[PDB]
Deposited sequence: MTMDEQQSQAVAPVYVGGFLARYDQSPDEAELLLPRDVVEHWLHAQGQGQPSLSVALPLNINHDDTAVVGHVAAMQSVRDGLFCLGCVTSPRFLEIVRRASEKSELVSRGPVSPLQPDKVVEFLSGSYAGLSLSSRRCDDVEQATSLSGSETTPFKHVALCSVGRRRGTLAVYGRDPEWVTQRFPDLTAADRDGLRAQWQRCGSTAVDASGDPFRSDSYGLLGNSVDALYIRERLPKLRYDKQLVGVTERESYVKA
């Protein structure tokens, strides 16, 4: 179908796992710069959906401790998951509405942006970093997830990131591990509809990291 093949091509996601200049909503969420660097120094991390270990869609391509926090670049690859995503997008009035001004329509990308707008990192206090999860909203703030086809392009979606930053990241990115089904994704969709302060929180995150959404596929 050609098209049905462009869609199901890998999709990168990027964003902060934690923003240093931000005090967690809970003590457990404490993750200071000092800890991060020591950890990264030691400890490929899995990329799943809502922490469900039975819904791994790809892997983490890069982790980096920049200035304002910890930043990762993940890659979605699971053709099983991507297909479903392609199927669902086809029936989303949001996706159908298209993206902002000069950006070209990418249903599978847009749908994930609308669906898992945040990034949640599984940690401990071998390998303190368990995995990264795409979710409707991170528990930490500034964890907006940004989806795009070009990894270079998703990185350029964050002002705080410097040329030096992308250097260290580029020097990182350069079968189907999924195990759930659409029914599963569906069930997860309701849990998402009852998270308090979601959209407000998502918006707060945008402003916090500069993703105007008039430059990305962010839907909040």
Gaps relative to the deposited sequence fall at 1 to 3, 47 to 55, 138 to 151, 201 to 210
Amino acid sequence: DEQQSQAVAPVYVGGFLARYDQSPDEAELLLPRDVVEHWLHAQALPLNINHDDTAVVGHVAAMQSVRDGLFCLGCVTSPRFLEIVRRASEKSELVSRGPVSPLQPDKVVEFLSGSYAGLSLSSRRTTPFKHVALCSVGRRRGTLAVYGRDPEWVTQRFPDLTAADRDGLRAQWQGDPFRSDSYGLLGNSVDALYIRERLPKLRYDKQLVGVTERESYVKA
From here on, numbers count along this sequence of modelled residues.
Comparing 211 to 219 with 1 to 9, the one whose average Cα B-factor in the PDB entry is higher:
1 to 9
With reference to the PDB entry, specify whether the mean Cα temperature factor is higher for 59 to 67 or for 186 to 194.
59 to 67
So if I compare the CA B-factors in the entry for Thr126, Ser136, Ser96, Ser78, which one is the largest?
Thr126
By the entry's values, the third containing the CA B factor of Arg141 is the lowest
Going by the entry, which third of its chain does the Cα temperature factor of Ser120 land in?
middle
Within this chain's modelled residues, let me know which third the CA B factor of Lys107 belongs to: lowest, middle or highest.
lowest
C-alpha B factor of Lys130, ranked within the chain: lowest, middle or highest third?
highest
